[PDB]
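Since the structure comes first, as structure tokens, the remarks are kept for the end.
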Amino acid sequence: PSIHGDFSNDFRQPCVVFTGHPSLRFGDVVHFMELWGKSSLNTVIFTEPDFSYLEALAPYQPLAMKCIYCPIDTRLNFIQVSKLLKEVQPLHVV
Amino acid sequence: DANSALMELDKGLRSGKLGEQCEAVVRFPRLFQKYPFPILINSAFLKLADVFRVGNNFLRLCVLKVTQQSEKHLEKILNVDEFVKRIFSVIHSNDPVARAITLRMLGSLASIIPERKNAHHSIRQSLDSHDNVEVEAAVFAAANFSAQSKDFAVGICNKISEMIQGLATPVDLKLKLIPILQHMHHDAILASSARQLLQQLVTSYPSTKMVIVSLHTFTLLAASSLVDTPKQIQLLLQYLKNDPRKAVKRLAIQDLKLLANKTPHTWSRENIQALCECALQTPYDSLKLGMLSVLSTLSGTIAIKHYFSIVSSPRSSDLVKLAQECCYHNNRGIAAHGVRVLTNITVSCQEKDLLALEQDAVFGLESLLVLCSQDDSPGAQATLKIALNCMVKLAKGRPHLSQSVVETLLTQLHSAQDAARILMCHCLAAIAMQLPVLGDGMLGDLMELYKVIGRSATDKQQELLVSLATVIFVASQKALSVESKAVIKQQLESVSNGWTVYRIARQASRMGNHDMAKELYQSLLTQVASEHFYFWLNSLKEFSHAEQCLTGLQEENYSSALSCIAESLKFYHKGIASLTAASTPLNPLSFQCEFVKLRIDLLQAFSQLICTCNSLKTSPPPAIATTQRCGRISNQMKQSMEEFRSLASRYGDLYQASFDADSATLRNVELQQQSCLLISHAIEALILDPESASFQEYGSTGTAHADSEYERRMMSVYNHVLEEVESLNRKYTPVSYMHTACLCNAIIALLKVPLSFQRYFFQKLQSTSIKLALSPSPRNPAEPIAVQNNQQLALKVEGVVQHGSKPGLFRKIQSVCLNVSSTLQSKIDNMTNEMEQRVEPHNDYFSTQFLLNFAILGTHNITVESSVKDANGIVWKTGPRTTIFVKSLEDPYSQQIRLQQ
């Protein structure tokens, strides 16, 4: 549920940690974005769209934390949008 | 070798013999005094506890004695619960003497266990027991718990009320149990119930014994609970007035004495009327002395100002006439108390229709004096003390009487014994010290008195010569004549002790007559039987020589200024070489060496300044290149700024680092620092930026305390130099020669007023030191404490204060400022962890927790500084300046991670 407890006496370096809100402004993600954000040995893996990558690192620059913009999106793109529109063609498009 | 004493004495404790165990137990308080740190204290107290648990009831009394003696170390015990359990495991025994001893131990331990419930239950259970030693120990422990706990106070209030007026438990036990009611001030209604019970007791048992005990209890309740002290003062006035017994009256006297010492602002006008009226119609004389002693202690405070308050003629007031017929009384002590009262009325509030009493006052003193001069008894000596203190205070408050004061004193300096010459010479010394204009009015008369001492007795002779030559030095405010030097000299060649001449020499060095200081220091130099005392006397001789060279100056003559300054520097340098040779590890003379060194630096600042003023007459206007500062003289006086400002800072550093001197030595250091600021301001107002001065001394230049003649002449010189600076502000060219002449006259004016070696140069009264046992691991010497360079270092500095004597005589330690810093010793340098913490000691202990962040790679240097904060607020920079070494290691996994990254 939180760092406040069982995470203190079970934590194991190195790890894979999944943290709080991806906007990088509130949660437990700010704590691990600090502390560990001092060495180039570690990396942070941004995976979620609709939040700007460079804007999230903006309060945290200057910074030595390795960063890879690896966004995973499942929403349909413009090719299948065209397929959808030529499949079930409407009278109007908004 | 800290715990080794513990193992030695506890090896003594594991004997099977009672004697060796008792010896170790009674040897524990010395070990407590030697190392006061709570690790040793806690360990030794637990060992005392489990020796107390199993014992043959005589070891128990010894451990009780040790606990009674070492009361101030009781708050340092860490494992309190185990200690108290081991002690408390004896209440459930069946030997009544052992139980009584254990309740006495609980009463001693009361401070650390105020709210332990089983202790209160044991006190209540054993309090109504039938074994007398158990009962007495229970009353002791109930008195000691009742001073701190409140629920215990109310329950024992009910219980002791019942057992006092239970009509069993005979009168000796009632006398023992009334102080339980004394300690019973915790709550308002509790105090009121105790007050009603005490009033019922004092009207119910009208004896000599119970009335005395109940009245002392009742007044301690009143002086503890400040809600109705005037009611008890009132009740004491009826007990002192309407009671035929005598011992009750004597307690009323000592009671009103305590209450007037404690809370004098609550004394109402009709209370003083009642006390005075009861002091009139008493037939006895000891009672008269007691009441007027109470009124004398009441006269030294603001109770008189409440008494003589507007909204009757104060001549018709009871106090002043009572003071008159007890000032003109036959007995000496009542006369001393009365003349104290009259002097205190005179020094206090200034209404017009009291001034006639002034005349009466001064005549009273001399009348009393001629009664107490020719008696030679310790009571008459105390009467001399009281009379002369009144003389000093009377001359101090009203200066226009003072001249008459001093001349009367000289009359009784003609005809009195060898014990009355002293302390009258001291009174003359004080009066001629702060108020100097009368001192010369003695002059020569003391000469002939001093001549009489050529053929006086021998027992009190040396102190008497010391007193007479001291008041000679004080009275000679301008200088001493050559014939005066000759007569003093030939008299102490006639007879002297050798230490008497040392006291005279240091008195002369104090006042400023350095030529007789030279001669007596020569006399000491031929004398004396040790190395460093010889070097010390040689140094003092050289200082006196340089100061006579400084007295040989002439105004508006710069040639003699350079010559005499050079002579003063060479004699001071022989003296500072002698002082450096005189320094010892046992007595590391630090104030004297620093004071002399900064005096040398002040005179060399003066020498560079005077020859720099000569440089304008010894160089061009500037150069052919310069045609808003031009010339080398501007750079030279900028260097004068640097030197004088640094010198003022060093005077401030000497002020802050002493803390053990008196007011006079500190004020002299302030005089030297103010001289440095004076010269700095004078130069930076004349030549270096006149433009941004714009002040013209907008502060007060008058109405000074003037506690010494040297202070007054310093202040006069300061005001004259500032007047010259204000006048010569922005009229003339920036270089000028009126500016250089102003600096020259300022230097001459500072060096004309000689010097004053004060008390801390010779004798040290207060000695305070701090320990600061650093315990991260304390190391050894060059071995550093290893840190892992991923965690901080818990320093855990702990300290204790050591007092030489009379704990705090002049200033008292309120809080102590510990500062810590680091330094990278590998070669800012690790200023990132400068830390500060304030400590309030409990009795003597300092306990703080310091975390130091060692982050980079290297060996670091932890320095710890102390700083005492006093009651007024001035910070004092003493301390051991403790340094310790750390090495920063790294985790091999972290090293491999950093190498891979």
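Each chain in the structure tokens gets a letter, A, B and so on, in the order shown; residues start at 1 in every chain, and ligands are counted from 1 in the order they appear.
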Can you work out which residues from chain B touch chain A at a cut-off of 8 Å (counting only C-alpha atoms) and hand them back as a PDB file with N, CA, C and O atoms, in the first residue's frame?
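The resulting file, selection.pdb, is shown below:
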```pdb
ATOM      1  N   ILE B 897      30.234  -0.386  -8.263  1.00  0.00           N
ATOM      2  CA  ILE B 897      29.109   0.254  -8.938  1.00  0.00           C
ATOM      3  C   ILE B 897      29.526   1.594  -9.534  1.00  0.00           C
ATOM      4  O   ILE B 897      29.121   1.945 -10.649  1.00  0.00           O
ATOM      5  N   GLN B 900      31.728   0.869 -12.560  1.00  0.00           N
ATOM      6  CA  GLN B 900      30.951   0.418 -13.712  1.00  0.00           C
ATOM      7  C   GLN B 900      30.141   1.556 -14.320  1.00  0.00           C
ATOM      8  O   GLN B 900      29.969   1.619 -15.543  1.00  0.00           O
ATOM      9  N   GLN B 901      29.633   2.462 -13.489  1.00  0.00           N
ATOM     10  CA  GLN B 901      28.842   3.586 -13.976  1.00  0.00           C
ATOM     11  C   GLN B 901      29.736   4.673 -14.562  1.00  0.00           C
ATOM     12  O   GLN B 901      29.485   5.172 -15.659  1.00  0.00           O
TER      13      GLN B 901
END
```
Those in chain A with strand (DSSP E or B) from DSSP, as a list in words: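 After running DSSP on the backbone, chain A has strand (DSSP E or B) at residues 43, 44, 45, 46, 66, 67, 68 and 69 of chain A.
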Okay, now the selection with N, CA and C atoms, as a PDB file, in the first residue's frame?
```pdb
ATOM      1  N   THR A  43      17.935   4.012 -14.403  1.00  0.00           N
ATOM      2  CA  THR A  43      17.117   4.599 -15.454  1.00  0.00           C
ATOM      3  C   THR A  43      15.660   4.641 -15.019  1.00  0.00           C
ATOM      4  N   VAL A  44      14.914   5.543 -15.648  1.00  0.00           N
ATOM      5  CA  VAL A  44      13.479   5.687 -15.450  1.00  0.00           C
ATOM      6  C   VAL A  44      12.799   5.482 -16.797  1.00  0.00           C
ATOM      7  N   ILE A  45      11.696   4.743 -16.795  1.00  0.00           N
ATOM      8  CA  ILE A  45      11.128   4.216 -18.026  1.00  0.00           C
ATOM      9  C   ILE A  45       9.729   4.800 -18.156  1.00  0.00           C
ATOM     10  N   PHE A  46       9.597   5.860 -18.942  1.00  0.00           N
ATOM     11  CA  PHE A  46       8.292   6.464 -19.160  1.00  0.00           C
ATOM     12  C   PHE A  46       7.522   5.671 -20.206  1.00  0.00           C
ATOM     13  N   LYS A  66      19.220   8.279 -16.190  1.00  0.00           N
ATOM     14  CA  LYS A  66      18.982   7.874 -17.571  1.00  0.00           C
ATOM     15  C   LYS A  66      17.489   7.829 -17.863  1.00  0.00           C
ATOM     16  N   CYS A  67      17.119   8.260 -19.062  1.00  0.00           N
ATOM     17  CA  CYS A  67      15.713   8.410 -19.399  1.00  0.00           C
ATOM     18  C   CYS A  67      15.480   7.875 -20.800  1.00  0.00           C
ATOM     19  N   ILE A  68      14.478   7.016 -20.949  1.00  0.00           N
ATOM     20  CA  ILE A  68      14.063   6.517 -22.255  1.00  0.00           C
ATOM     21  C   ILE A  68      12.575   6.778 -22.410  1.00  0.00           C
ATOM     22  N   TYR A  69      12.216   7.526 -23.449  1.00  0.00           N
ATOM     23  CA  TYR A  69      10.815   7.758 -23.783  1.00  0.00           C
ATOM     24  C   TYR A  69      10.322   6.534 -24.527  1.00  0.00           C
TER      25      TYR A  69
END
```
query: Quick one: residues within 12 Å of residue 482 of chain B, only C-alpha atoms counted, chain neighbours fewer than 4 positions away excluded, as a list in words?
result: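 Counting only C-alpha atoms, the residues come to residues 486, 487, 488, 489, 513, 515 and 516 of chain B.
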- prompt: Could you name the residues that touch residue 714 of chain B at 12 Å or less, counting only C-alpha atoms, but leaving out those on the same chain fewer than 5 positions away, as number ranges by chain?
  reply: B: 667-668, 670-675, 678, 704, 706-709, 719-721, 746, 749-756
Selected residues written out with C-alpha atoms, as a CSV table (one decimal), in the first residue's frame:
```
chain,number,residue,atom,x,y,z
B,667,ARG,CA,35.7,47.8,31.6
B,668,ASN,CA,39.4,48.5,31.1
B,670,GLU,CA,36.4,48.2,26.8
B,671,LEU,CA,38.4,51.4,27.3
B,672,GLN,CA,41.3,50.1,25.2
B,673,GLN,CA,38.9,48.9,22.5
B,674,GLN,CA,37.1,52.2,22.6
B,675,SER,CA,40.5,53.9,22.1
B,678,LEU,CA,38.2,56.4,18.5
B,704,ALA,CA,28.6,58.9,32.9
B,706,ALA,CA,32.5,57.1,36.1
B,707,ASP,CA,33.3,54.1,38.3
B,708,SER,CA,37.1,55.0,38.3
B,709,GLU,CA,39.3,58.0,37.7
B,719,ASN,CA,35.1,63.6,24.1
B,720,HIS,CA,37.9,66.0,23.4
B,721,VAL,CA,39.0,64.0,20.4
B,746,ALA,CA,44.9,62.5,19.8
B,749,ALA,CA,46.1,62.6,24.6
B,750,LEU,CA,45.6,58.8,24.7
B,751,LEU,CA,49.2,58.2,25.9
B,752,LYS,CA,49.1,60.9,28.5
B,753,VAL,CA,46.5,59.0,30.6
B,754,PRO,CA,48.8,56.2,31.7
B,755,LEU,CA,47.3,52.7,32.2
B,756,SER,CA,45.6,50.5,34.8
```
query: In Å, how far is it from atom CA of residue 700 of chain B to atom CA of residue 434 of chain B?
result: 20.9 Å
Could you pull the residues within 8 Å of segment 13-29 of chain A, counting only C-alpha atoms, minus those fewer than 4 positions along the same chain, as a PDB file with N, CA and C atoms, in the first residue's frame?
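The new file around_10.pdb reads:
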```pdb
ATOM      1  N   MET A  33      11.959   9.582  -7.699  1.00  0.00           N
ATOM      2  CA  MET A  33      12.544  10.437  -8.721  1.00  0.00           C
ATOM      3  C   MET A  33      13.654  11.289  -8.130  1.00  0.00           C
ATOM      4  N   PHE A  46       9.597   5.860 -18.942  1.00  0.00           N
ATOM      5  CA  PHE A  46       8.292   6.464 -19.160  1.00  0.00           C
ATOM      6  C   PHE A  46       7.522   5.671 -20.206  1.00  0.00           C
ATOM      7  N   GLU A  48       3.743   5.890 -20.511  1.00  0.00           N
ATOM      8  CA  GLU A  48       2.329   6.184 -20.616  1.00  0.00           C
ATOM      9  C   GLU A  48       2.137   7.495 -21.366  1.00  0.00           C
ATOM     10  N   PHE A  51       1.087  12.544 -21.335  1.00  0.00           N
ATOM     11  CA  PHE A  51       1.902  13.371 -20.463  1.00  0.00           C
ATOM     12  C   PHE A  51       3.213  13.614 -21.182  1.00  0.00           C
ATOM     13  N   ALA A  56       8.004  16.530 -18.106  1.00  0.00           N
ATOM     14  CA  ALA A  56       8.023  15.850 -16.819  1.00  0.00           C
ATOM     15  C   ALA A  56       9.397  15.931 -16.171  1.00  0.00           C
TER      16      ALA A  56
END
```
Which of chain A fall in helix (DSSP H, G or I), as JSON, numbers by chain: {"A": [29, 30, 31, 32, 33, 53, 54, 55, 56, 78, 79, 80, 81, 82, 83, 84, 85, 86, 87]}
- request: Write out as a list in words each polymer residue whose atoms come within 7 Å of residue 520 of chain B, counting only C-alpha atoms; drop sequence neighbours fewer than 4 positions from it.
  value: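 Selected residues are residues 501, 505, 516 and 524 of chain B.
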Do you have, as a Markdown table, the list of residues of segment 36-93 of chain B lying at most 9 Å from segment 5-8 of chain B, each with its nearest atom pair and that distance in Å to one decimal, counting only C-alpha atoms and ordered by chain then number?
```
| residue | atom | partner | partner_atom | distance |
| --- | --- | --- | --- | --- |
| B:40 | CA | B:6 | CA | 7.7 |
| B:43 | CA | B:6 | CA | 8.5 |
| B:44 | CA | B:6 | CA | 7.1 |
```
message: Quick one: residues within 12 Å of residue 245 of chain B, only C-alpha atoms, excluding same-chain residues fewer than 2 positions away - as a VMD selection string?
response: chain B and resid 206 to 209 211 to 212 239 to 243 247 to 252 287
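The nearest approach to residue 559 of chain B among the residues B:419, B:611, B:596, B:864, with only C-alpha atoms taken into account, belongs to B:611.
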